[PDB]
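>>> 3D, please:
(one chain, ligands or ions: 3)
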Amino acid sequence: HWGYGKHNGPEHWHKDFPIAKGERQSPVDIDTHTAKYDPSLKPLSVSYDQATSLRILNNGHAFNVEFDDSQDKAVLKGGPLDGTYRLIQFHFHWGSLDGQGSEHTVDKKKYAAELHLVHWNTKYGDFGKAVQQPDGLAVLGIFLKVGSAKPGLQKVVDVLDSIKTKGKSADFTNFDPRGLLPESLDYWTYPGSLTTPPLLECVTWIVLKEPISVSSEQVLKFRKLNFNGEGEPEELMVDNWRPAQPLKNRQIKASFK
Ligand SMILES: Cc1cccc(=S)n1O
Ligand code: NA
Ligand SMILES: [Zn+2]
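Numbers count the residues shown, from 1 in each chain. Ligands and ions are numbered 1, 2, ... in the order given. Below, you will see the structure:
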């Protein structure tokens, strides 16, 4: 099945998921000189005061921090969005080395990692129905650079030892995702897709300009996770990023001058 290695990595995905070569695939390179300021964009509204995390799971590709999405508790609205999008999970993509790991790039620059906060459009009732729609998802993407530690990340780092291998999960209640946000909500936005199979073209991407800083010790702990399951040969979970895809007939808009 699909993964990130020589034989089942991104260059193979199109055989099981032909939309890999579609018209609105993600990630993309953000050319900052080509992205036009759009004064009709709104500030993003990120309302995470009532977010209820439940669990963390190693799915064999990354780890997911999952939320209770059965009530309007943690929502994204405003920005380029019409309506209200509910947080369902977050996860990261990261590298084997600090010079790579992000999926979007900025003027070809790769960051050490990228956080994706995944939200679904409540007009479609559930996440499964939302991913059948071209406006079903909104993903808030946040770059990570290595430097000072991010205090708000440490509870996630410290639980990873308990979910080393594929299929492991741990209770993960009362985690506050506001601690993962940078100061500024300035962003770029474009229409795109999931960056993992099934690569569905449902996503309004909202990519923050300001990275957060994490410490080298924090990212090193991500890199001790495993893609394999318990009692299988160890394959470190690193380099779980898809490279940039063709922009095609799309425009990247900036919320800021
Ligand atoms: C599972 C998922 C949902 C939305 C975006 C991305 S990159 N992923 O992986
Ligand atoms: Na849920
Ligand atoms: Zn992702």
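
>>> Can you give me the distance of the most far-flung residue of the chain relative to its centre to residue 165?
The C-alpha centroid of the chain is most remote from residue 231, which lies 28.7 Å away (Cα atoms, centre = their mean). Distance of residue 231 to residue 165, given as Cβ to Cβ, to the nearest Å: 8 Å. (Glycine included, C-beta is placed from N, CA and C.)

>>> Could you do residue 104 as well?
Distance from residue 104 to residue 165, by Cβ to Cβ: 28 Å.

>>> of the two, who's got more company?
More crowded of residue 104 and residue 165, by other Cβ atoms under 10 Å: residue 104, with 25 against 17.

>>> In this structure that one contacts residue 28, no?
Yes - counting by Cβ atoms under 8 Å, residue 28 is a contact partner of residue 104 at 6.5 Å.

>>> and the stretch 151-257 of the chain, which of its residues are near ligand 1?
Residues of the stretch 151-257 of the chain lying close to ligand 1 (Cβ under 6 Å from any ligand atom) are 194-196.

>>> Closest one of the residues you listed to residue 100?
Of all these, residue 100 sits closest to residue 195, with 14.6 Å by Cβ to Cβ.

>>> Identify the residue nearest the closest one in space, chain neighbours excluded?
Computed as Cβ to Cβ, 6 or more residues apart in numbering, the closest residue to residue 195 that is not its neighbour in sequence is residue 242, at 4.5 Å.

>>> And for residue 2?
Closest residue in space to residue 2, ignoring its immediate chain neighbours: residue 197 at 4.8 Å, by Cβ to Cβ, 6+ apart.

>>> can you check residue 24 too?
Once flanking residues are discounted, residue 24 sits nearest to residue 201: 4.7 Å by Cβ to Cβ, 6+ apart.

>>> who's in contact with that neighbour?
Counting by Cβ atoms under 8 Å, 6 or more residues apart in numbering, residue 201 makes contact with 19, 22-25, 134, 191-193.

>>> residue ranges of the strands in the stretch 51-200 of the chain, please?
Using DSSP state E, counting those that start in this stretch, the strands of the stretch 51-200 of the chain run over 53-58, 63-67, 75-78, 85-94, 105-106, 113-121, 137-146, 169-171, 187-192.

>>> Next, the angle from the second one to strand 53-58.
In terms of direction (axes from the mean of the first three to the mean of the last three Cα atoms, to 10 degrees), strand 63-67 departs from strand 53-58 by 160 degrees.

>>> Just list whatever residues bridge to residue 226.
Beta bridges link residue 226 to residue 236 when assigned by DSSP bridges.

>>> wait, what's in contact with it?
Contacts of residue 226 (Cβ under 8 Å, 6+ apart): 58, 164-166, 234-237.

>>> Generate a PyMOL selection restricted to the buried subset of those.
Buried residues among those (16 or more other Cβ atoms under 10 Å), as a PyMOL selection:
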select buried, resi 58+164+165+166+237
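
>>> Could you give the number of residues near the residue of the stretch 1-150 of the chain found nearest ligand 1?
Nearest residue of the stretch 1-150 of the chain to ligand 1, counting by Cβ to the nearest ligand atom: residue 118, 4.3 Å away. Under the neighbour criterion other Cβ under 10 Å, residue 118 is assigned a count of 22.

>>> Show me the helices in the stretch 101-250 of the chain, by range?
127-130, 154-159, 216-222 (DSSP state H, counting those that start in this stretch).

>>> CSV please, covering these and showing mean neighbour count.
Converted to CSV, those look like this (neighbours: other Cβ atoms under 10 Å):
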stretch, mean neighbour count
helix 127-130, 16
helix 154-159, 17
helix 216-222, 17
